[PDB]
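The structure under discussion appears below in the form of C-alpha cells.
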Amino acid sequence: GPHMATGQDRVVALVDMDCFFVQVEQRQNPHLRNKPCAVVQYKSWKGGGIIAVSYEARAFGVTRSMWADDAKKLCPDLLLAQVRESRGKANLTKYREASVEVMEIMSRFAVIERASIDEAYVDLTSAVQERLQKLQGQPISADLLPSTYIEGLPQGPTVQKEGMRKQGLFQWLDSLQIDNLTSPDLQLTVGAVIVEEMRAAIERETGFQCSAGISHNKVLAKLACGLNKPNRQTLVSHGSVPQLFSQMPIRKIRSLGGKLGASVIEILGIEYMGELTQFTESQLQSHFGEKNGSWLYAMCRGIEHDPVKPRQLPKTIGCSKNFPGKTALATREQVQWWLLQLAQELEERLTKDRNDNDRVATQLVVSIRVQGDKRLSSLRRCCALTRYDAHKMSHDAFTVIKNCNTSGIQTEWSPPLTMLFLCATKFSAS
DNA sequence: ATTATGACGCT
DNA sequence: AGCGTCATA
Ligand SMILES: [Ca+2]
Ligand SMILES: [Mg+2]
C-alpha cells in the first residue's frame, strides 16, 4: 500500500560511447568517417580479429569476434584500422586515453562510476534537484530533449522514425505534473535534459557520439541505453516497467546473461523478466540463494538499489597475451621473454598511473593457462610488488609459476603455456 | 585460433 | 587467498 517501496528514489544514467574504438580511429583518420569500418587486432591469422564495428558495417552483418577475412566476405568494401602493436602484443593505450577524455567531461556534471573503458554510470539525483529549483515550476520543452526516446510511447488512440520519437515525447510531456518537485517522472525528465547536455558536451569537446539510458537505477539505465542506438538516449520510467518486462527475455538483464539467467529460465520454466513477479521472495531465494533471490524479486518489479560507486579510475592495471594453437610457449627462454614484454608494458602504465593519480600498486598477480585446460585461467598466484621495475616483476612472476613446469628438463616447458597475465592491484595513496 | 582487458562473488 | 562468473572494446 502506502508502505510499498517503488524504487523511484534516485535518478541514474548510463552513458555509453557508440562503437567506441571505431570512433577513436575515425577521429584520427577522417578517411574512415561515415564508412563501414572495423577495428581489428593482429592480422596474420585470417586478417585479424574484429573488436569493434561501425554501424554502417553492422548493416552488412559484420560483428565483433569475426575474423576480418570473413567480415570481408559479408562486406567487401569494409575498411579496417589495426590496434597498435608494442613489445610483440596489442596495446590499447590510445583507447584508454580517449576514455579518460570522456570520463573527465562526464565528471563535470556528476559523480561517475567507470563501468568499462567506454561507459559510466551517473548518479543525477542531486543535479536534478538543483535544476528543478532553477526551473521554478516552469514546463520542460520538447526542444530540450532533441535526441530522447520515451520507452513505451507513443501509445493508444506518422510512419517515420523521428516522427514516432516526437509523438512519444509529446505524450510524455503532455502528461507531466511539473508543479510537483517530487514526482519521479518529472525527476527522470529533468535527468534526461541534463544527459542531453552531457552528451552535447562530450561530442563538442571530443568528437565522439554516445547513447544513454535514464532511469531510477543502474540496471534499468543500462537496459534503456541499448533500446535506441546509436547517438540517442532513452528514458525508462517506473511506469514503463510492466509492459517492457512482459516480453523482455531474461538474458537481457545485466548479470542474467550467463549461467544464473539460464538456470532461472530452466528451473522456473519462464522466458521473460516480468514472469518473475509471480514468485514469492522466499521461492526465489530457495532456488537462487538469499542475495540473488531478493535481488530478482525487486528487479522484476523495476527495483534495484546498487549505488553508483564514486570511482572514475580502474582498480587494477593488467597486461595479458594469449599464445594459441601452435604458438604456445614451450621453452623457458620463451616464457621468460614474454613475461618481460608484459612486465615492460605494465611498468610503463604503472609509472604513468603513479604520476597522474597519486597511488602505488602493492600486489602483483600472475596467471597462466596451460595447453588443454578448458578454463580461461589455469592458475593464479600473487606476490609482493615493491618496485616499478619490469625486470624485477618478470623475475618475480617466473618464480611464482616456475613450478608449474612438468618437464623433467629445465630448458623445456610442458605443458606449453597458452596465456600469460600480469596484473597490478591493491593500490595505496602516494 | 577471439583477444585484452576489468569488477565482484564464493568459500 | 585462489577460483569462478559476468561483462565490455
Ligand atoms: Ca559502447
Ligand atoms: Mg560499453
Side-chain angles (χ1 to χ4, degrees), chain A residues 14 16-25 38-54 63-71 81-86 89-96 98-99 102 113-121 208 218-219 222 225-226 251-263 288-292 295 306 309 311 313-328 342 345-346 349 363 365-369 371 373-383 400-401 418-426:
Chain A
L14 185 272
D16 178 278
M17 307 310 294
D18 296 328
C19 54
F20 182 50
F21 289 16
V22 170
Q23 283 203 90
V24 176
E25 299 290 333
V39 169
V40 62
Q41 59 193 6
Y42 306 119
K43 198 96 186 71
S44 286
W45 189 265
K46 296 165 189 172
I50 288 180
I51 61 172
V53 184
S54 76
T63 65
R64 171 168 298 135
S65 99
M66 189 166 277
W67 298 116
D69 288 352
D70 295 332
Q82 283 185 264
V83 175
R84 171 193 169 194
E85 266 179 76
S86 318
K89 71 182 286 303
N91 186 301
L92 309 167
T93 297
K94 185 197 303 186
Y95 314 106
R96 291 191 184 99
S99 179
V102 172
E113 177 178 347
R114 179 203 202 263
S116 74
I117 199 159
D118 88 323
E119 71 203 273
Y121 294 94
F208 304 139
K218 299 164 84 181
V219 169
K222 172 80 185 313
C225 186
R251 66 182 179 271
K252 304 301 187 188
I253 285 56
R254 189 243 282 175
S255 89
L256 301 184
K259 287 173 184 185
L260 181 64
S263 82
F288 314 113
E290 181 176 347
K291 192 180 140 185
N292 287 334
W295 185 84
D306 185 44
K309 292 166 186 45
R311 194 193 68 245
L313 300 172
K315 282 187 154 163
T316 55
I317 301 187
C319 299
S320 78
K321 181 163 183 56
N322 287 353
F323 301 96
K326 202 173 165 297
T327 69
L342 278 176
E345 176 180 331
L346 187 55
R349 288 164 57 192
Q363 185 176 82
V365 179
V366 186
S367 178
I368 70 188
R369 191 180 181 189
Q371 197 163 47
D373 194 327
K374 183 186 178 305
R375 300 173 298 171
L376 276 56
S377 162
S378 295
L379 182 121
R380 206 210 72 171
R381 293 283 195 274
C382 65
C383 61
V400 305
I401 72 157
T418 57
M419 183 276 299
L420 296 176
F421 185 31
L422 302 178
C423 187
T425 73
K426 297 194 179 307

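Side-chain atoms are counted along with the backbone in the values below, which use heavy atoms only and exclude waters and symmetry mates. Note on naming: letters A, B, ... go to the chains in the order of the sequence lines (proteins, then strands), and numbering restarts at 1 for each one.
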Pick base, sugar-phosphate or nothing for [X], based on heavy-atom distances below 4.0 Å to the nucleic acid.
| X | result |
| --- | --- |
| A:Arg64 | base |
| A:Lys94 | nothing |
| A:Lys291 | sugar-phosphate |
| A:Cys382 | sugar-phosphate |
| A:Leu376 | nothing |
| A:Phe421 | nothing |
| A:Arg251 | nothing |

From the list [options], which nucleotide is the closest neighbour of the side chain of [X]?
| X | options | value |
| --- | --- | --- |
| A:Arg311 | C:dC6, B:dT5, B:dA7 | B:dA7 |
| A:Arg381 | B:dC8, B:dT3, C:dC3 | C:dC3 |
| A:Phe20 | B:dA7, C:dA9, B:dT3 | C:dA9 |
| A:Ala90 | B:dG6, C:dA7, B:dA4 | B:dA4 |
| A:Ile117 | C:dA9, B:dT5, C:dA1 | C:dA9 |
| A:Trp45 | B:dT5, C:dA7, B:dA1 | B:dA1 |

If you measure from the ring centre of A:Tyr95 to the centre of the six-membered ring in the base of C:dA9, is it under 5.5 Å, with the planes under 30° apart?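 Stacking is absent between C:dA9 and A:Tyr95, given that the ring centres and planes do not meet under 5.5 Å and under 30°.
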
Length of the [atom1]-[atom2] vector between [X] and [N], whole Å:
| X | N | atom1 | atom2 | value |
| --- | --- | --- | --- | --- |
| A:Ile368 | C:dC3 | CD1 | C1' | 15 Å |
| A:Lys321 | B:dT2 | NZ | P | 14 Å |
| A:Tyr121 | C:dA7 | OH | P | 10 Å |
| A:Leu313 | B:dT5 | CG | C1' | 16 Å |
| A:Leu260 | B:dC10 | CG | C1' | 14 Å |
| A:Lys426 | B:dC8 | NZ | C1' | 13 Å |
| A:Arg375 | C:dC6 | CZ | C1' | 18 Å |
| A:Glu113 | B:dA7 | CD | P | 10 Å |

Looking at [N], I'd like to know if its phosphate oxygens (OP1 or OP2) sit under 4.0 Å from a side-chain N or O belonging to [X].
| X | N | result |
| --- | --- | --- |
| A:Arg96 | B:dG6 | yes |
| A:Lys89 | B:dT5 | yes |
| A:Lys315 | B:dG6 | no |
| A:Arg349 | B:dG6 | yes |
| A:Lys222 | C:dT8 | yes |
| A:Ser377 | C:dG4 | no |
| A:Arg369 | B:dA4 | no |

Would A:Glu25 and A:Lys94 pass as an ion pair if we require N to O under 4.0 Å?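 Here A:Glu25 pairs with A:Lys94 in a salt bridge, since their nearest N and O are under 4.0 Å apart.
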
Using the P atom in both, what is the distance from C:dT8 to B:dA1, to the nearest Å?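 24 Å, rounded to whole Å.
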
Which comes earlier along DNA chain B counting from the 5' end, the contact point of A:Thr316 or that of A:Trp67, where each point is its nearest nucleotide?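 The 5'-side residue here is A:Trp67.
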
If you pin A:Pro314 and A:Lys326 to their nearest nucleotides in DNA chain B, which one's is more 5'?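 On the 5' side of the pair lies A:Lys326.
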
Is there a side-chain contact between A:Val366 and A:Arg380 (heavy atoms, below 4.5 Å)?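 No; the side chains remain at least 4.5 Å from each other.
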
Side-chain contact, heavy-atom cut-off 4.5 Å: A:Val365 with A:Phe421?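 No, every pair of side-chain atoms sits at 4.5 Å or beyond.
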
Checking A:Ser116 against A:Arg114 for the side chain to side chain donor-acceptor pair (under 3.5 Å) test, could you report, in this order, the C-alpha distance in whole Å, the side-chain angles of both residues, the deciding distance, and whether it holds? CA-CA 6 Å; A:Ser116 74; A:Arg114 179 203 202 263; over 6 Å; no

Flag, side chain of A:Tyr95 to backbone of A:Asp118, donor-acceptor distance under 3.5 Å: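 Looks like no, no N/O pair under 3.5 Å.
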
Is the backbone N or O of A:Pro324 less than 3.5 Å from a side-chain atom of A:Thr418, with the two atoms forming a donor-acceptor pair by type?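 Judged by distance alone, no pair lies under 3.5 Å.
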
For A:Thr63, enumerate each residue passing the side-chain contact (heavy atoms from CB on, under 4.5 Å) test, keeping only those at least two apart in sequence or located in another chain.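 So A:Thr63 forms a side-chain contact (heavy atoms from CB on, under 4.5 Å) with A:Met66.
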
